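Peer 1: Please find the sequence and an experimentally derived structure below.
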Amino acid sequence: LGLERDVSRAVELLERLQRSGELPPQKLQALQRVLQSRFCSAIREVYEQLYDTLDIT
Amino acid sequence: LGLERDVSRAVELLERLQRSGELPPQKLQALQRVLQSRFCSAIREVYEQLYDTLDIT
Amino acid sequence: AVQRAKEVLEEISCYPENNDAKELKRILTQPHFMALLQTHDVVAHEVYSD
Amino acid sequence: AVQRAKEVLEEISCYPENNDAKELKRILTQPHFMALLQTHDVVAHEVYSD
C-alpha cells in the first residue's frame, strides 16, 4: 500500500524541509506527530494487516 | 470501548438466533462472518489499541 | 458492513419474539460498533470496489 | 489529520524552491495516505471530538 514508503517518506520529507527552515515548520512538525504518533502506527498496521487478511481468507 | 463486548455479543446473538432459526439466517450468518472475520479483528484491535494510544499521547 | 448489520436489524426488528434479536438490534445499532464497521467499509471498499 | 496534512501541502505548495515540498505534497495528496488519515479522524472523532 506504499503507506510505509509514503508516510515514512512524508515524515523525512517534513524533517528535510524542517531542517532547511524555508517555510513555517510548525505545521510540518504537526504532521510529524500526526504520522509518527503511535496512533497512526496502529492504524497503519491495519492497512498492511488488512491486505494480508485478504490474502488469508 | 465495549466493541469486544458488543461484537462478541452480536456474534453469539447472531448464533443464538441461528440456533432458533426463526428469521433469515443468511443475513445473520453474514454478520457473524463480518465480526468474526480476521479482518474485523485487526480493525477491532485498532479501536482498543487506539484508546490506549490516547492515554499515551 | 454497516448496511449488512442494518439490514439484519430490520429482519430481527420484525421479530418481537427472539430475545437475541432484541439485544442484537441494540448492540448492532450502537454507533460504536458502527464506527468499527465504518473502518470495515473504508478499507474493504478501497481494496474491493474499483 | 487529513486537514493538517492538506494544510501543509498549501504551505509547501507556496514554495517552488523546496524539492522536498514538491515530493512531499504528492505523497501527502494521494488518497492512500488520506485513507489512513481518514481512519485517524474516524476514531478520534468517535473517541472524544464531541
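Peer 2: Structure received. Residues are numbered from 1 along each chain as shown, chains lettered A, B, ... in the order given.

Peer 1: With adjacent residues omitted, what lies nearest to residue C:6?
Peer 2: Among residues not flanking residue C:6 along the chain, residue C:28 sits closest, at 7.8 Å (C-beta to C-beta, 6 or more residues apart in numbering or on different chains). C-beta: built from backbone N, CA, C; applies to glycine.

Peer 1: is any part of the longest helix along chain C close to chain A?
Peer 2: Secondary structure of chain C per DSSP state H: the longest helix is helix C:31-47. Yes. For helix C:31-47, a contact with chain A is found by C-beta under 8 Å from any C-beta of the partner chain, at C:39, C:43, C:44, C:47.

Peer 1: Tell me the one of these nearest chain A?
Peer 2: residue C:43 (5.0 Å; C-beta to the nearest C-beta).

Peer 1: Leaving out sequence neighbours, find the closest residue to that closest one.
Peer 2: Spatially, and ignoring its direct neighbours in sequence, residue C:43 is nearest to residue A:50 (5.0 Å; C-beta to C-beta, 6+ apart).

Peer 1: what helix or strand is the one you found on?
Peer 2: Using DSSP states H and E, residue A:50 maps to helix A:38-56.

Peer 1: how about the residues of chain A that lie near chain D?
Peer 2: So chain A meets chain D at A:1-3, A:6-7, A:9-10, A:13-14, A:16-17, A:20, A:22-24, A:27-28, A:30-31, A:34, A:39-40, A:43-44, A:46-47 (C-beta under 8 Å from any C-beta).

Peer 1: likewise chain C?
Peer 2: Checking chain C against chain D by C-beta under 8 Å from any C-beta, the hits are C:31, C:32, C:35, C:38, C:39, C:42, C:43, C:46.

Peer 1: Could you dump those residues into a markdown table and include neighbour count?
Peer 2: Formatted as a markdown table, the residues of chain C next to chain D follow (neighbours: other C-beta atoms under 10 Å in any protein chain shown):
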| residue | neighbour count |
| --- | --- |
| C:31 | 9 |
| C:32 | 17 |
| C:35 | 20 |
| C:38 | 19 |
| C:39 | 24 |
| C:42 | 19 |
| C:43 | 25 |
| C:46 | 16 |
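
Peer 1: Residue 8: which element?
Peer 2: No chain in the question, so chain A it is. helix A:3-20.

Peer 1: could you do chain C instead?
Peer 2: helix C:2-13.

Peer 1: Kindly provide the distance from residue C:10 to residue B:23.
Peer 2: Using C-beta to C-beta, to the nearest Å, one obtains 10 Å as the distance from residue C:10 to residue B:23.

Peer 1: ok, those two, which is more surrounded?
Peer 2: Neighbour tally, residue C:10 and residue B:23, criterion other C-beta atoms under 10 Å in any protein chain shown: the higher count belongs to residue B:23, 20 against 10.

Peer 1: list the contacts for the more buried one?
Peer 2: B:17, C:11, C:12, C:14, C:15, C:18, C:21 (C-beta atoms under 8 Å, 6 or more residues apart in numbering or on different chains).

Peer 1: List buried residues within those residues.
Peer 2: B:17, C:11, C:12, C:15, C:18, C:21 (16 or more other C-beta atoms under 10 Å in any protein chain shown).

Peer 1: Nothing else from me, thank you.
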